[PDB]
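Chemist: The following file, model_16.csv, comprises CSV, C-alpha atoms:
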```
chain,number,residue,atom,x,y,z
F,519,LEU,CA,22.4,-13.2,39.5
F,520,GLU,CA,19.8,-16.1,40.2
F,521,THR,CA,17.0,-14.2,38.2
F,522,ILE,CA,19.4,-13.8,35.2
F,523,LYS,CA,20.6,-17.5,35.6
F,524,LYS,CA,16.8,-18.5,35.5
F,525,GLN,CA,16.4,-16.3,32.3
F,526,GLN,CA,19.3,-18.2,30.6
F,527,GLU,CA,17.5,-21.5,31.4
F,528,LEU,CA,14.1,-20.1,30.1
F,529,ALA,CA,16.0,-18.6,27.0
F,530,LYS,CA,17.5,-22.0,26.1
F,531,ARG,CA,13.9,-23.4,26.1
F,532,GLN,CA,12.2,-20.4,24.3
F,533,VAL,CA,14.8,-20.9,21.5
F,534,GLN,CA,14.6,-24.8,21.3
F,535,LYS,CA,11.4,-25.7,23.3
F,536,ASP,CA,8.9,-24.1,20.9
F,537,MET,CA,11.3,-25.0,18.0
F,538,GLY,CA,9.9,-27.6,15.6
F,539,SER,CA,11.8,-29.6,12.8
F,540,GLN,CA,10.6,-28.6,9.2
F,541,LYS,CA,8.9,-25.2,9.6
F,542,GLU,CA,9.8,-23.1,6.5
F,543,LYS,CA,9.0,-26.1,4.1
F,544,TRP,CA,5.4,-26.4,5.6
F,545,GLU,CA,4.8,-22.6,5.1
F,546,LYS,CA,6.0,-22.9,1.4
F,547,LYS,CA,3.5,-25.9,0.9
F,548,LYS,CA,0.7,-23.8,2.4
F,549,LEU,CA,1.6,-20.9,0.0
F,550,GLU,CA,1.6,-23.4,-3.0
F,551,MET,CA,-2.0,-24.5,-2.2
F,552,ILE,CA,-3.1,-20.8,-2.0
F,553,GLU,CA,-1.3,-20.1,-5.4
F,554,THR,CA,-3.2,-23.1,-7.0
F,555,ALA,CA,-6.6,-21.8,-5.5
F,556,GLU,CA,-6.0,-18.3,-6.9
F,557,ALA,CA,-5.0,-19.8,-10.3
F,558,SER,CA,-8.4,-21.7,-10.3
F,559,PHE,CA,-10.3,-18.5,-9.2
F,560,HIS,CA,-8.8,-16.3,-12.1
F,561,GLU,CA,-9.7,-19.2,-14.6
F,562,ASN,CA,-13.3,-19.1,-13.1
F,563,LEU,CA,-13.2,-15.2,-13.5
F,564,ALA,CA,-12.0,-15.7,-17.1
F,565,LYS,CA,-14.9,-18.2,-17.8
F,566,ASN,CA,-17.6,-15.7,-16.4
F,567,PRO,CA,-16.9,-12.8,-19.0
F,568,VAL,CA,-16.2,-15.5,-21.7
G,146,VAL,CA,-28.7,39.5,-29.4
G,147,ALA,CA,-31.9,37.2,-29.1
G,148,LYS,CA,-30.1,34.4,-31.0
G,149,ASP,CA,-26.8,35.2,-29.3
G,150,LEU,CA,-28.4,35.0,-25.8
G,151,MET,CA,-30.0,31.6,-26.9
G,152,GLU,CA,-26.4,30.5,-27.8
G,153,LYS,CA,-25.2,31.9,-24.3
G,154,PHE,CA,-28.1,29.9,-22.7
G,155,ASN,CA,-27.2,26.6,-24.6
G,156,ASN,CA,-23.5,26.9,-23.5
G,157,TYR,CA,-24.8,27.5,-19.9
G,158,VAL,CA,-26.9,24.3,-20.2
G,159,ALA,CA,-23.8,22.5,-21.5
G,160,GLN,CA,-21.7,23.8,-18.5
G,161,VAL,CA,-24.5,22.6,-16.2
G,162,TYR,CA,-24.4,19.2,-17.9
G,163,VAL,CA,-20.5,19.2,-17.5
G,164,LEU,CA,-21.2,20.0,-13.7
G,165,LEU,CA,-23.8,17.1,-13.8
G,166,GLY,CA,-21.0,14.8,-15.2
G,167,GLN,CA,-18.6,16.1,-12.5
G,168,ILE,CA,-20.9,15.1,-9.6
G,169,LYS,CA,-22.5,12.2,-11.6
G,170,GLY,CA,-20.6,10.3,-14.5
G,171,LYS,CA,-19.6,12.4,-17.6
G,172,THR,CA,-22.1,12.3,-20.6
G,173,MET,CA,-21.2,16.0,-21.5
G,174,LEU,CA,-21.3,15.2,-25.3
G,175,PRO,CA,-25.1,14.4,-25.1
G,176,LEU,CA,-25.8,17.8,-23.5
G,177,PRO,CA,-23.4,19.5,-25.9
G,178,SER,CA,-25.7,18.2,-28.8
G,179,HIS,CA,-28.1,20.9,-30.0
G,180,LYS,CA,-31.9,20.0,-29.4
G,181,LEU,CA,-34.6,20.7,-32.1
G,182,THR,CA,-32.2,22.3,-34.7
G,183,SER,CA,-33.7,23.8,-37.9
G,190,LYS,CA,-27.8,28.2,-39.3
G,191,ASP,CA,-24.6,26.4,-40.4
G,192,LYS,CA,-22.7,28.3,-37.6
G,193,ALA,CA,-25.0,26.6,-35.0
G,194,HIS,CA,-24.2,23.0,-36.2
G,195,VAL,CA,-20.4,24.1,-36.0
G,196,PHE,CA,-21.0,25.2,-32.3
G,197,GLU,CA,-22.4,21.7,-31.6
G,198,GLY,CA,-19.1,20.1,-32.9
G,199,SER,CA,-16.9,22.5,-30.8
G,200,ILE,CA,-18.6,21.2,-27.6
G,201,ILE,CA,-18.2,17.6,-28.9
G,202,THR,CA,-14.4,18.5,-29.2
G,203,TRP,CA,-14.0,19.3,-25.4
G,204,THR,CA,-15.8,15.9,-24.7
G,205,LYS,CA,-13.0,13.9,-26.5
G,206,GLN,CA,-10.5,16.1,-24.5
G,207,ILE,CA,-12.0,15.0,-21.1
G,208,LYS,CA,-11.4,11.3,-22.0
G,209,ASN,CA,-7.7,11.9,-22.8
G,210,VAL,CA,-7.4,14.3,-19.8
G,211,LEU,CA,-8.2,11.4,-17.4
G,212,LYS,CA,-5.2,9.1,-16.7
G,213,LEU,CA,-4.1,6.4,-14.2
G,214,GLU,CA,-0.9,8.5,-13.4
G,215,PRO,CA,-2.7,11.7,-12.2
G,216,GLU,CA,-4.6,9.8,-9.4
G,217,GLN,CA,-1.2,8.3,-8.4
G,218,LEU,CA,0.3,11.8,-8.2
G,219,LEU,CA,-2.2,13.2,-5.6
G,220,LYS,CA,-1.7,10.5,-2.9
G,221,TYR,CA,-4.2,7.6,-2.8
G,222,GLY,CA,-3.0,4.8,-5.2
G,223,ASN,CA,-5.0,2.1,-3.2
G,224,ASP,CA,-5.4,-1.4,-4.8
G,225,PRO,CA,-9.2,-0.9,-4.5
G,226,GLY,CA,-9.0,2.7,-5.8
G,227,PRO,CA,-7.0,2.0,-9.0
G,228,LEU,CA,-9.3,-0.9,-10.0
G,229,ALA,CA,-12.4,1.4,-9.4
G,230,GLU,CA,-10.6,4.2,-11.5
G,231,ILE,CA,-10.4,1.8,-14.5
G,232,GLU,CA,-14.0,0.5,-13.8
G,233,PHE,CA,-15.2,4.2,-13.7
G,234,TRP,CA,-13.0,5.0,-16.9
G,235,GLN,CA,-14.4,1.9,-18.8
G,236,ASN,CA,-18.0,2.9,-17.7
G,237,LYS,CA,-17.4,6.5,-18.9
G,238,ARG,CA,-16.0,5.4,-22.4
G,239,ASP,CA,-18.8,2.7,-22.7
G,240,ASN,CA,-21.4,5.5,-22.0
G,241,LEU,CA,-19.4,7.8,-24.4
G,242,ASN,CA,-19.5,5.0,-27.1
G,243,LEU,CA,-23.3,4.6,-26.5
G,244,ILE,CA,-23.6,8.5,-26.6
G,245,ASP,CA,-21.4,8.5,-29.8
G,246,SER,CA,-24.1,6.2,-31.4
G,247,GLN,CA,-26.7,8.9,-30.6
G,248,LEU,CA,-24.3,11.8,-31.3
G,249,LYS,CA,-23.6,10.2,-34.8
G,250,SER,CA,-27.1,11.3,-36.1
G,251,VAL,CA,-27.9,11.3,-39.9
G,252,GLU,CA,-28.2,15.1,-39.4
G,253,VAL,CA,-24.8,15.4,-37.6
G,254,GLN,CA,-23.2,13.5,-40.6
G,255,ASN,CA,-24.6,16.0,-43.2
G,256,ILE,CA,-23.1,18.9,-41.0
G,257,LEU,CA,-19.6,17.4,-41.2
G,258,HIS,CA,-19.9,17.0,-45.1
G,259,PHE,CA,-20.7,20.8,-45.6
G,260,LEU,CA,-17.2,22.0,-44.3
G,264,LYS,CA,-14.6,19.0,-42.8
G,265,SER,CA,-11.1,18.6,-41.0
G,266,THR,CA,-13.0,19.8,-37.8
G,267,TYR,CA,-15.4,16.8,-38.2
G,268,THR,CA,-12.8,14.1,-39.1
G,269,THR,CA,-10.6,15.2,-36.0
G,270,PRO,CA,-13.7,14.6,-33.8
G,271,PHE,CA,-14.4,11.3,-35.8
G,272,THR,CA,-10.7,10.3,-35.5
G,273,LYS,CA,-10.7,11.0,-31.7
G,274,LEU,CA,-14.0,8.9,-31.4
G,275,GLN,CA,-12.3,5.8,-33.2
G,276,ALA,CA,-9.3,6.3,-30.9
G,277,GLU,CA,-11.7,6.4,-27.9
G,278,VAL,CA,-13.5,3.2,-29.2
G,279,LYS,CA,-10.1,1.4,-29.5
G,280,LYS,CA,-8.9,2.7,-26.0
G,281,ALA,CA,-12.3,1.7,-24.7
G,282,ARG,CA,-11.7,-1.9,-26.0
G,283,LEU,CA,-8.3,-1.6,-24.1
G,284,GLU,CA,-10.1,-0.1,-21.0
G,285,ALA,CA,-12.6,-3.1,-21.1
G,286,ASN,CA,-9.7,-5.6,-20.8
G,287,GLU,CA,-8.2,-3.2,-18.1
G,288,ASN,CA,-11.7,-3.4,-16.3
G,289,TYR,CA,-11.6,-7.3,-16.5
G,290,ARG,CA,-8.1,-7.1,-14.9
G,291,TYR,CA,-9.3,-4.4,-12.4
G,292,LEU,CA,-12.3,-6.6,-11.4
G,293,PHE,CA,-9.8,-9.4,-10.3
G,294,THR,CA,-7.7,-6.8,-8.3
G,295,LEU,CA,-11.0,-5.4,-6.8
G,296,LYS,CA,-11.4,-8.9,-5.2
G,297,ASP,CA,-7.7,-8.8,-4.1
G,298,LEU,CA,-8.2,-5.3,-2.7
G,299,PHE,CA,-11.5,-6.6,-1.0
G,300,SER,CA,-9.2,-9.1,0.9
G,301,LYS,CA,-7.1,-6.1,2.1
G,302,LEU,CA,-9.8,-3.3,2.4
G,303,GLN,CA,-12.0,-5.7,4.6
G,304,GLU,CA,-9.1,-5.9,7.1
G,305,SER,CA,-10.0,-4.2,10.5
G,306,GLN,CA,-6.3,-3.6,11.3
G,307,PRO,CA,-6.1,-6.6,13.6
G,308,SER,CA,-3.4,-9.3,13.0
G,309,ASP,CA,-3.7,-9.6,9.1
G,310,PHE,CA,0.1,-9.2,8.4
G,311,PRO,CA,0.6,-12.7,9.9
G,312,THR,CA,-1.8,-14.3,7.2
G,313,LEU,CA,-1.6,-11.4,4.6
G,314,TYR,CA,2.2,-12.2,4.2
G,315,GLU,CA,1.1,-15.7,3.3
G,316,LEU,CA,-1.9,-14.4,1.2
G,317,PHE,CA,0.4,-11.9,-0.7
G,318,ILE,CA,2.4,-14.6,-2.7
G,319,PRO,CA,-0.9,-15.9,-4.3
G,320,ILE,CA,-2.2,-12.3,-4.8
G,321,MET,CA,1.0,-11.8,-6.9
G,322,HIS,CA,0.6,-15.2,-8.7
G,323,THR,CA,-2.9,-14.0,-9.8
G,324,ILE,CA,-1.4,-10.7,-11.2
G,325,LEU,CA,1.2,-12.6,-13.3
G,326,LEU,CA,-1.6,-14.9,-14.9
G,327,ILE,CA,-3.6,-11.6,-15.6
G,328,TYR,CA,-0.7,-10.5,-17.9
G,329,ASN,CA,-0.9,-13.7,-20.0
G,330,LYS,CA,-4.7,-14.0,-20.2
G,331,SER,CA,-5.6,-10.5,-21.7
G,332,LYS,CA,-2.5,-10.6,-24.1
G,333,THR,CA,-3.7,-7.3,-25.9
G,334,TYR,CA,-3.6,-5.6,-22.5
G,335,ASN,CA,-3.0,-1.9,-23.5
G,336,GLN,CA,-0.6,-0.1,-21.0
G,337,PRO,CA,1.1,-3.3,-19.7
G,338,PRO,CA,4.1,-1.3,-18.6
G,339,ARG,CA,1.9,1.6,-17.1
G,340,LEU,CA,-0.5,-0.8,-15.3
G,341,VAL,CA,2.6,-2.3,-13.5
G,342,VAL,CA,3.3,1.1,-11.9
G,343,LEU,CA,-0.4,1.1,-10.6
G,344,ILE,CA,-0.2,-2.6,-9.2
G,345,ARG,CA,3.0,-1.7,-7.3
G,346,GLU,CA,1.6,1.6,-6.0
G,347,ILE,CA,-1.6,-0.5,-5.2
G,348,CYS,CA,0.4,-2.9,-2.9
G,349,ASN,CA,2.4,0.2,-1.7
G,350,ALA,CA,-0.7,2.2,-0.3
G,351,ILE,CA,-2.1,-1.1,1.2
G,352,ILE,CA,1.1,-1.8,3.2
G,353,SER,CA,1.3,1.9,4.4
G,354,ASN,CA,-2.4,1.6,5.8
G,355,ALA,CA,-1.7,-1.8,7.6
G,356,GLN,CA,1.6,-0.3,9.0
G,357,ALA,CA,-0.1,2.9,10.3
G,358,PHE,CA,-2.5,0.7,12.4
G,359,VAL,CA,0.1,-1.6,14.1
G,360,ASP,CA,2.1,1.5,15.4
G,361,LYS,CA,0.9,5.2,15.6
G,362,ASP,CA,-0.4,6.3,19.1
G,363,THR,CA,-0.2,2.6,20.2
G,364,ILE,CA,3.7,2.5,19.6
G,365,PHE,CA,4.0,5.9,21.4
G,366,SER,CA,1.8,4.5,24.3
G,367,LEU,CA,3.9,1.3,24.6
G,368,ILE,CA,7.2,3.3,24.6
G,369,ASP,CA,5.7,5.6,27.3
G,370,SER,CA,4.8,2.7,29.8
G,371,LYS,CA,8.2,0.9,28.9
G,372,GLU,CA,6.6,-2.4,30.0
G,373,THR,CA,6.4,-3.8,26.3
G,374,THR,CA,9.2,-5.9,24.7
G,375,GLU,CA,7.0,-8.4,22.7
G,376,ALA,CA,5.1,-5.4,21.1
G,377,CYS,CA,8.6,-4.1,19.8
G,378,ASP,CA,9.1,-7.7,18.2
G,379,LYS,CA,5.5,-7.4,16.7
G,380,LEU,CA,6.7,-4.2,14.9
G,381,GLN,CA,9.6,-6.2,13.4
G,382,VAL,CA,7.1,-8.9,12.3
G,383,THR,CA,5.1,-6.1,10.5
G,384,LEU,CA,8.3,-5.1,8.6
G,385,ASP,CA,8.9,-8.9,7.9
G,386,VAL,CA,5.4,-9.0,6.2
G,387,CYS,CA,6.5,-6.1,3.9
G,388,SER,CA,9.8,-8.0,3.2
G,389,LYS,CA,7.7,-11.1,2.3
G,390,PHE,CA,5.7,-8.9,-0.3
G,391,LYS,CA,9.0,-7.7,-1.9
G,392,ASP,CA,10.4,-11.3,-1.8
G,393,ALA,CA,7.1,-12.6,-3.4
G,394,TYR,CA,7.4,-9.6,-6.0
G,395,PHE,CA,10.9,-11.0,-6.9
G,396,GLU,CA,9.5,-14.6,-6.6
G,397,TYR,CA,6.8,-13.6,-9.2
G,398,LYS,CA,9.5,-11.8,-11.4
G,399,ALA,CA,11.3,-15.2,-11.8
G,400,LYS,CA,7.8,-17.0,-12.3
G,401,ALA,CA,7.0,-14.3,-15.0
G,402,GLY,CA,10.4,-15.0,-16.8
G,403,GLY,CA,11.1,-11.7,-18.7
G,404,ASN,CA,9.0,-8.5,-18.9
G,405,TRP,CA,9.7,-7.9,-15.2
G,406,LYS,CA,9.3,-4.1,-15.6
G,407,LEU,CA,8.1,-2.9,-12.1
G,408,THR,CA,11.0,-0.4,-11.6
G,409,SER,CA,10.9,-1.0,-7.8
G,410,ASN,CA,14.3,0.8,-7.4
G,411,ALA,CA,12.3,4.1,-8.0
G,412,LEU,CA,8.7,3.0,-7.4
G,413,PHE,CA,9.1,0.9,-4.1
G,414,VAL,CA,11.3,3.9,-2.8
G,415,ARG,CA,8.0,5.1,-1.1
G,416,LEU,CA,7.8,1.5,0.5
G,417,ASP,CA,11.6,1.2,1.2
G,418,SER,CA,11.7,4.7,2.9
G,419,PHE,CA,8.7,3.6,5.2
G,420,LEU,CA,10.6,0.3,6.1
G,421,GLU,CA,13.9,2.3,6.7
G,422,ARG,CA,12.1,4.7,9.2
G,423,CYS,CA,10.3,1.6,10.8
G,424,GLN,CA,13.7,-0.3,11.1
G,425,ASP,CA,15.4,2.9,12.5
G,426,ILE,CA,12.6,2.9,15.3
G,427,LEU,CA,13.1,-0.9,15.9
G,428,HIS,CA,16.9,-0.4,16.2
G,429,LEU,CA,16.2,2.4,18.9
G,430,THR,CA,13.3,0.5,20.6
G,431,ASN,CA,15.6,-2.6,21.3
G,432,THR,CA,18.2,-0.3,22.9
G,433,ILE,CA,15.5,1.2,25.2
G,434,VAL,CA,14.6,-2.4,26.4
G,435,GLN,CA,18.4,-2.9,27.2
G,436,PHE,CA,18.7,0.3,29.4
G,437,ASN,CA,15.7,-0.9,31.5
G,438,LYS,CA,17.7,-4.0,32.5
G,439,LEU,CA,20.8,-1.8,33.5
G,440,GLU,CA,18.8,-0.1,36.4
G,441,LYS,CA,18.0,-3.6,37.9
G,442,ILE,CA,21.7,-4.6,37.8
G,443,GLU,CA,23.4,-4.4,41.3
G,444,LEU,CA,26.9,-5.9,40.8
G,445,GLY,CA,27.9,-5.1,44.5
G,446,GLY,CA,31.6,-5.7,43.6
G,447,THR,CA,34.6,-4.1,45.5
G,448,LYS,CA,34.3,-0.2,45.5
G,449,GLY,CA,30.6,0.4,45.9
G,450,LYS,CA,27.7,3.0,45.7
G,451,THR,CA,30.0,5.4,43.7
G,452,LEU,CA,29.7,3.0,40.7
G,453,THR,CA,25.9,2.4,41.2
G,454,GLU,CA,25.4,6.2,41.6
G,455,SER,CA,27.2,6.6,38.2
G,456,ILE,CA,24.9,3.9,36.8
G,457,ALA,CA,21.8,5.7,38.3
G,458,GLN,CA,22.8,9.1,36.7
G,459,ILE,CA,23.2,7.2,33.4
G,460,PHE,CA,19.7,5.6,33.8
G,461,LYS,CA,18.2,9.1,34.6
G,462,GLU,CA,19.8,10.6,31.3
G,463,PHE,CA,18.2,7.6,29.4
G,464,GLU,CA,14.8,8.3,31.2
G,465,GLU,CA,14.9,12.0,30.0
G,466,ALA,CA,15.7,10.8,26.4
G,467,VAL,CA,12.8,8.2,26.2
G,468,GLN,CA,10.4,10.8,27.8
G,469,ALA,CA,11.4,13.2,24.9
G,470,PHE,CA,10.9,10.4,22.4
G,471,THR,CA,7.4,9.5,23.9
G,472,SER,CA,6.3,13.1,23.0
G,473,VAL,CA,5.8,11.7,19.4
G,474,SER,CA,5.3,15.3,17.9
G,475,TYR,CA,4.1,14.6,14.3
G,476,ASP,CA,5.8,11.2,13.5
G,477,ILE,CA,3.2,8.4,13.6
G,478,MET,CA,5.4,6.3,11.2
G,479,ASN,CA,4.5,8.7,8.3
G,480,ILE,CA,7.0,7.9,5.4
G,481,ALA,CA,6.0,11.1,3.6
G,482,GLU,CA,7.0,13.1,6.7
G,483,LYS,CA,10.9,13.5,7.0
```
Take the structure in the file and write it out as C-alpha cells.
Modeler:
Amino acid sequence: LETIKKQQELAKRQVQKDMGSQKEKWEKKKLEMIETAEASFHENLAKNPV
Amino acid sequence: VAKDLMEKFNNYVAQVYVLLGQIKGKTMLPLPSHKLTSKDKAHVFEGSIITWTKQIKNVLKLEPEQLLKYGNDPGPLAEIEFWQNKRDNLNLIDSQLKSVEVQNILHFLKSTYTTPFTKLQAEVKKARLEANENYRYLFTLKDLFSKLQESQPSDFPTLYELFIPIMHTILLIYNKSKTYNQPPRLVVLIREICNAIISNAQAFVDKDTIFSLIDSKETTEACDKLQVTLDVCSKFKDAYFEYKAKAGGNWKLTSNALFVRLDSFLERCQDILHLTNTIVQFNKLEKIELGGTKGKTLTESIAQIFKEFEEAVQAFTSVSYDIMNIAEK
C-alpha cells in the first residue's frame, strides 16, 4: 500500500513536474523555420539547373 | 544460307547488345543499326529492331516497380533518374540512328518508318517530361538521403519534425515544374515513397527487440516508445493533410486506398500496443497482497490467474513469423 501511495506521489510529479507551459506552440515554430529552410533549398536547387 | 546465317548472326549481336543494356543501360537501338551496309530487305530488318527499342521505353513505367514491393523514396527518384538517362541516351542514339542513309530507306517504302519516327517524337516529348521528373526526383533523392542515411537509431523523434518540411518541399515542386507530366501518377509514387520509408523505420524499432522486451517483461517505457513510433507515422499523415490544405486544390493522393498499406501497418502496431499495455497490468496483479478477511484462497485464485497469463505471454514471445510485417496477415 505504501509503495503504491509513493507511486501516486511520483505519478502526480511525472505528469506536472516535467510539464512546461507552451510546448505544442514551440514545436510548431521549430517546424515553421524548417519549412522556410526547405523552401530556400528548393529555390537554390531551381537556380542550379536554371 | 550464307546471307541468312549473317542475318542470324546480326540478330544474335543485337540480342547480346540487349543483354548488355540489361546489365548496363539500354542503347539497344545503336546495336540494332546495321554496320557497313551496301538489299532493301536488310534495311527493313534494321527498322524492325529499331521498333522493339521504342517498345522498351514504353514498357518501362513508375507503376510496375511499385507493384513488385520496393517503392522507396530513394528508389523511385533513381528510377526517374535512370529513365531520364535512358531516354537522353536514346535521344543521342536517335541523332546517330537518323543517318542520311536511314532516311532514304524510309522513303523507298513508309508507314513502318513514320510509326518508328512518330514513337521517336513521342519519346523526345516524354523525355522532356522525364527531364522535369528528374529535376523533381533530384530534390526527393536529397529528401530520401535524409531518410536512407538513418542508422535506425532515434530518427522518428526528429523525422516527425523533419517530415512536415519534406512535404512542404514536395508541394512547391508541383508549382515550379508546371508542365510536370504525370502529376497525378507521380503523387502515387511520393505517397508509396513515404510509405516504404515508414515501414523500414518501424521494422527497426520493433522486430526481435520487441519480442526480446516482451520475453523479459521488465520493459514498460519501451512499450511507450512503440506508441511514439506510431505517433511519428500519425504526424506524417497529419502533415500530408496539412500540405493538402497548403496546396489548396489538386490534393489527389487517394490515401484511402494508397495509405491502406500504411494504415494496415499502424492497425497491427496499435493492436500490439493495446495487448502490450495489458501485459504490464497483469505483472502488477502478482505483487498485490490485499490480505483482507478470507485469505490465501483468494491469493491462490489470483496466483492461478497469474500463471494462465504467464502461459499466454510465453506463447506470444514465440514471435513465429510476425516481426511487425504489414504484408503478413
Chemist: Can you work out the spacing between CA of residue 558 (chain F) and CA of residue 388 (chain G) in Å, to one decimal?
Modeler: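 CA of residue 388 (chain G) lies 26.5 Å from CA of residue 558 (chain F).
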Chemist: With only C-alpha atoms considered, list every residue of chain G at most 12 Å from chain F, as a PDB file with C-alpha atoms, in the coordinates of the input.
Modeler:
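Below is the file out_27.pdb, written as the result:
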```pdb
ATOM      1  CA  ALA G 285     -12.600  -3.100 -21.100  1.00  0.00           C
ATOM      2  CA  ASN G 286      -9.700  -5.600 -20.800  1.00  0.00           C
ATOM      3  CA  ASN G 288     -11.700  -3.400 -16.300  1.00  0.00           C
ATOM      4  CA  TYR G 289     -11.600  -7.300 -16.500  1.00  0.00           C
ATOM      5  CA  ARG G 290      -8.100  -7.100 -14.900  1.00  0.00           C
ATOM      6  CA  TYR G 291      -9.300  -4.400 -12.400  1.00  0.00           C
ATOM      7  CA  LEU G 292     -12.300  -6.600 -11.400  1.00  0.00           C
ATOM      8  CA  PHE G 293      -9.800  -9.400 -10.300  1.00  0.00           C
ATOM      9  CA  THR G 294      -7.700  -6.800  -8.300  1.00  0.00           C
ATOM     10  CA  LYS G 296     -11.400  -8.900  -5.200  1.00  0.00           C
ATOM     11  CA  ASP G 297      -7.700  -8.800  -4.100  1.00  0.00           C
ATOM     12  CA  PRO G 311       0.600 -12.700   9.900  1.00  0.00           C
ATOM     13  CA  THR G 312      -1.800 -14.300   7.200  1.00  0.00           C
ATOM     14  CA  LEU G 313      -1.600 -11.400   4.600  1.00  0.00           C
ATOM     15  CA  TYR G 314       2.200 -12.200   4.200  1.00  0.00           C
ATOM     16  CA  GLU G 315       1.100 -15.700   3.300  1.00  0.00           C
ATOM     17  CA  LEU G 316      -1.900 -14.400   1.200  1.00  0.00           C
ATOM     18  CA  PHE G 317       0.400 -11.900  -0.700  1.00  0.00           C
ATOM     19  CA  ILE G 318       2.400 -14.600  -2.700  1.00  0.00           C
ATOM     20  CA  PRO G 319      -0.900 -15.900  -4.300  1.00  0.00           C
ATOM     21  CA  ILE G 320      -2.200 -12.300  -4.800  1.00  0.00           C
ATOM     22  CA  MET G 321       1.000 -11.800  -6.900  1.00  0.00           C
ATOM     23  CA  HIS G 322       0.600 -15.200  -8.700  1.00  0.00           C
ATOM     24  CA  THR G 323      -2.900 -14.000  -9.800  1.00  0.00           C
ATOM     25  CA  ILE G 324      -1.400 -10.700 -11.200  1.00  0.00           C
ATOM     26  CA  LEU G 325       1.200 -12.600 -13.300  1.00  0.00           C
ATOM     27  CA  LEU G 326      -1.600 -14.900 -14.900  1.00  0.00           C
ATOM     28  CA  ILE G 327      -3.600 -11.600 -15.600  1.00  0.00           C
ATOM     29  CA  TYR G 328      -0.700 -10.500 -17.900  1.00  0.00           C
ATOM     30  CA  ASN G 329      -0.900 -13.700 -20.000  1.00  0.00           C
ATOM     31  CA  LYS G 330      -4.700 -14.000 -20.200  1.00  0.00           C
ATOM     32  CA  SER G 331      -5.600 -10.500 -21.700  1.00  0.00           C
ATOM     33  CA  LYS G 389       7.700 -11.100   2.300  1.00  0.00           C
ATOM     34  CA  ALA G 393       7.100 -12.600  -3.400  1.00  0.00           C
ATOM     35  CA  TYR G 397       6.800 -13.600  -9.200  1.00  0.00           C
ATOM     36  CA  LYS G 400       7.800 -17.000 -12.300  1.00  0.00           C
ATOM     37  CA  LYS G 438      17.700  -4.000  32.500  1.00  0.00           C
ATOM     38  CA  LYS G 441      18.000  -3.600  37.900  1.00  0.00           C
ATOM     39  CA  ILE G 442      21.700  -4.600  37.800  1.00  0.00           C
ATOM     40  CA  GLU G 443      23.400  -4.400  41.300  1.00  0.00           C
ATOM     41  CA  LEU G 444      26.900  -5.900  40.800  1.00  0.00           C
ATOM     42  CA  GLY G 445      27.900  -5.100  44.500  1.00  0.00           C
TER      43      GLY G 445
END
```
Chemist: To one decimal place, how far is CA of residue 429 (chain G) from CA of residue 456 (chain G) in Å?
Modeler: 20.0 Å
Chemist: Please provide the set of residues having any atom within 12 Å of residue 246 (chain G), restricted to only C-alpha atoms, with same-chain residues fewer than 5 positions apart removed, written as a ChimeraX atom specification.
Modeler: /G:174-175,239-241,251,253-254,271,274-275,278
Chemist: Write the residues you've just listed into a file as an mmCIF file, keeping the file's coordinate frame, and include C-alpha atoms for each of them.
Modeler:
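As a result, selection.cif now contains:
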```cif
data_model
loop_
_atom_site.group_PDB
_atom_site.id
_atom_site.type_symbol
_atom_site.label_atom_id
_atom_site.label_comp_id
_atom_site.auth_asym_id
_atom_site.auth_seq_id
_atom_site.Cartn_x
_atom_site.Cartn_y
_atom_site.Cartn_z
ATOM 1 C CA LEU G 174 -21.300 15.200 -25.300
ATOM 2 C CA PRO G 175 -25.100 14.400 -25.100
ATOM 3 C CA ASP G 239 -18.800 2.700 -22.700
ATOM 4 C CA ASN G 240 -21.400 5.500 -22.000
ATOM 5 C CA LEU G 241 -19.400 7.800 -24.400
ATOM 6 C CA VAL G 251 -27.900 11.300 -39.900
ATOM 7 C CA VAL G 253 -24.800 15.400 -37.600
ATOM 8 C CA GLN G 254 -23.200 13.500 -40.600
ATOM 9 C CA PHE G 271 -14.400 11.300 -35.800
ATOM 10 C CA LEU G 274 -14.000 8.900 -31.400
ATOM 11 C CA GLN G 275 -12.300 5.800 -33.200
ATOM 12 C CA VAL G 278 -13.500 3.200 -29.200
#
```
Chemist: Let me have the centre and edge lengths of the axis-aligned box enclosing all listed atoms of region 527-541 of chain F with 5 Å padding on every side, in Å to one decimal, as AutoDock Vina command-line options.
Modeler:
```
--center_x 13.2 --center_y -24.1 --center_z 20.3 --size_x 18.6 --size_y 21.0 --size_z 32.2
```
Chemist: Can you measure CA of residue 299 (chain G) to CA of residue 224 (chain G) for me? One decimal in Å is fine.
Modeler: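 Taking CA of residue 299 (chain G) as the start and CA of residue 224 (chain G) as the end point, the length is 8.9 Å.
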Chemist: Calculated over only C-alpha atoms, which of the candidates G:301, G:212, G:391, G:264 has the smallest distance to residue 284 (chain G)?
Modeler: G:212
